[PDB]
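Encoded as structure tokens, the structure appears first; notes follow it.
Every residue, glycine as well, gets a Cβ built from its backbone with ideal geometry; the counts of neighbours run over all protein chains shown. Just so it is clear, none of the values below were taken in a lab; they were calculated from the coordinates.
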């Protein structure tokens, strides 16, 4: 389960991570004491994982974002590319996928010429071929849907 | 225009979006009022776009995630697609992209059967062909990087 | 569940659909009475669906087999292509898929020139574009794995 | 060489692989001995390849099915791949194919995580790149057609 | 129905289409009348389709040859394309093909500029998209093989 | 040049390689002596290369034709694939091309299963990757255009 | 022809468009009078077309360059896309091509988000589908080879 | 740092690379010395990269131009390709690119046969696969745009 008072909470917190123990308890129909517990139980069970402010990447100097799809070159070696690229800070996300390639990364970078460097570094560090698709614009990002 | 203080605030709010102002203040060597002021300006300019609990899509019943690349059936018409899909709730993100397709969506759904039904809804509401890549595993995501 | 005596039965019957109520009961460790019931319960619950002899398609005149991938052309219309192609007897199988195309069919046909006809008939009857991949050889077919 | 009687027997055995000989006999206007004889010859020539309970892959825990197209990393070596994959049990079928890839597999697995692990095993045991298409739904399969 | 004599006549006529009957006769151990008879039957059944001087496309001013794969803009309409292109003279051959495109043409033209103009004519008269592959060199062609 | 009496001859002979020294001389406007010379000058200059009867490939047992595109695997070796495949009789034609692949071959073969063999033999003999496109039907073949 | 004193001149001027009537006449072996004429004859015959300084596009604010491949959508209309896009100043070059697409443009633009606009404007103005490939780096540009 | 004066000089030098300083001076309202100074600084910073007669590739015997996309056979090795191809003279430009290939070259050559020979040289000196697109016509090129 996830009792649908727990549900109203996760919707509220997904839409506004700074929402207060206080103002939640109105919309929810509970007490500042009662709300505060569910939330701690929600963080312990792995349901809310973190609270993050959403930073605009262009404002901090990331003018090019890209999906980078990668496939290991040598199948006799352990396929450990996520772990291998983890220290690379410009990889924001790393997914395994069912398609032509094995993983997709979302990468942010200062310019077209920084991407070229990142790609070579991805390639020599994990041991992969790269294919990259450049993002032109983000129309909306992380609208978590709670069903 | 992002000085060193502003840089510090956005790193802390990226790592913890419920940082209270008193903690942010003592961390940037400012008063609580000056912090609150900085933070408001970050919000009203482009820089902080909102705040969100990072929610486990599995815990809430989204067992299948996919990327869907979409391309308009008639590309001559000025292109509507992000506005028209905005109201389908299981679409979480929408990017326009270079190369052969026009947009990439991230989508989350309860099952294989709910995915095929969503693909129909997407094909019809934006008037688009679709190419889907199921996500098998998320190794890490949203690791925002402030340089 | 599916109690792992039920499991030994489904393995046995998957490997040999003509296996006798009799000879099963040895390998299984039960009675001709006891075996016969589980099997009827297995057919009622949707677990074994049919018994079929595996016919070699070349011996009956199907010299070309093909996967045919299809995508509806008009997304304002109901996507009903499986139902629409059901009367076509040369479609042996019909799957919906997550990839570039919406469905994959396996088709068997007398010759290269019969395939060309089948394709036009698929196209005008369901309302689809076709892409076909020709099978050169079947190395093994339907080895059902019972885990 | 398939006369009208042989044609009748293979249709009936396709539709019901546990047809007993007495039912087949009265259906082809032969004696039970002549039927048994015909059937044995069908078996020893290419025509009937075995008999199988058609099992529900879901009921036995295979919730994910995929097509996987594979292509050798070094195509100059005479090609081993069906023989080398024969011993991976969750591979159900193996076809060689015309066009850009060399083989198509059908594969069934318990979950997304078990699929990625199988893709690694396939990449390494046949020395191959993979392209996967998840199957969302089976509308009908194995409808064998005797013309 | 092709006996040994017929086989001999078609090999000789493939290698030399101006073989006179007296030479064909002494080569098949027949009379000139019997040869003429055989040859006429070969013509009226499918077997010999006509006779042609093999002409050097360069000597007559066709310095550029290309393959053009074509695919209908609207594949739902029964497909007209070979009949409609039959009257464009610089189209030399027309095949329908499996896979992603519908037909392949061979085309010969005086120059790069005459090729672009032909591509327009093809796109418009068959209502098709085109994919062109220039031929750089012909190493050998039409080596007909009678087995 | 190629004086346009020479032109009327090549058109005539392209359309009918069995056309007689005699009947040509009407349509052309010359003498049985005069026609016969131009023709011998046309065969000496490399303009007409051969006379061939056009054999229907299905009538001689070639039930599958295919384009096979090939690219050498090792660029440190001499690129000699035409010469290397010349003894292979099922290659009817061999072209070098400007596109994704280096050469295109047209191949004719008894069945889908003979093609699979031919492909492996092409691969180990020349040292190439193969991609094949199967011909479903020839609508018209070798209409030489004389401009 | 192009007498190979004319050749030494075009090499010199291709390498250095500011090279003086004076200093050319040494390297060339002629007179300030003799050099000056050949050059004017070279500009009249269409051989040298212009003299241009090579501007670095990043220094003037063009941070993203792209190849944009385009294909008209309606083949019943005149194919006039070069003329139609001529007023668009960010198209630096426009070529017709033999491949999947009809033209290739080289485009320079301020950012990823300006490219998105340019693409829509290309599409509605000429009447085309777009496919774009983003340039990451120019290693060398316009080395004219004089053979 | 490009002020209005510098902007004017680079426009004029783009449109006419043999503009003499006296003409540039009276056009920017500067003295000939100040112009010469500005121009030298433009040269030594990144901004003017050299000066070139724009030469007609046809007049000098390059009748065939092509784009060639190249991709390394082994992408794990740090990539050499622009440095290694620098010495092939008929390569005019070299870009690295996003997406599936790694570089795009522009190449000019005397004929189809000289193109195939260049493709071999490219495949071997950079150790790369090639995809070629012949250019049929240049509608306009190098129209440099100073914003």
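Brief remarks follow.
- Residue of F:125, F:26, F:71 that the Gaussian network model of chain F assigns the largest fluctuation, springs spanning Cα pairs under 10 Å: F:26
- Exercise: per-residue mean of other protein chain Cβ atoms within 10 Å, E:54-65: 6
- Spin-label model distance (nm) - residue A:138 vs residue D:5, 7 Å beyond Cα toward Cβ: 7.6 nm
- Compared with the dominant Cα axis of chain A, that is its longest principal axis, helix A:34-44 is turned about 20°.
- Computed from the C-beta positions of residue G:27 and residue G:80, the FRET efficiency with R₀ = 41 Å rounds to 0.35.
- Rotation relating C and H, chain H residue nearest the axis via C-beta, angstrom: H:100, 8
- Ellipsoid semi-axes in whole angstrom, largest first, where each is sqrt(5λ) of the Cα gyration tensor of the protein assembly as shown: 54, 53, 22
- Quotient of the Cα radius of gyration of the range H:35-86 and 2.2 N^0.38 Å, N being its number of residues: 1.84.
- Convex hull of the range D:55-135 built on C-alpha atoms - directionally averaged projected area, nm²: 5.3 nm²
- Cα-based Rg / Dmax (Å) for the range D:3-54: 10.1, 29
- Computed over chain D with a Gaussian network model linking Cα atoms closer than 10 Å, the most mobile of D:105, D:119, D:136 is D:136.
- Per-residue mean of foreign Cβ neighbours for C:80-93 is 3 (Cβ atoms of other chains, 10 Å radius).
- Relative to the longest principal axis of the Cα atoms of chain E, the long axis of helix E:4-15 makes an angle of roughly 50 degrees.
- Residue of F:131, F:41, F:108 that the Gaussian network model of chain F assigns the largest fluctuation, springs spanning Cα pairs under 10 Å: F:41
- Computed [θ] at 222 nm, helices only, for the protein assembly as shown once each DSSP H run of length n ≥ 4 contributes -39500 (n - 2.57): -10500 deg cm²/dmol
- Folded to 0 to 90 degrees: helix G:112-125 orientation relative to chain G principal axis, Cα: 80 degrees
- In terms of its C-alpha gyration tensor, chain G comes out prolate, because a/c is 1.5 or above and the ratio a/b outweighs b/c.
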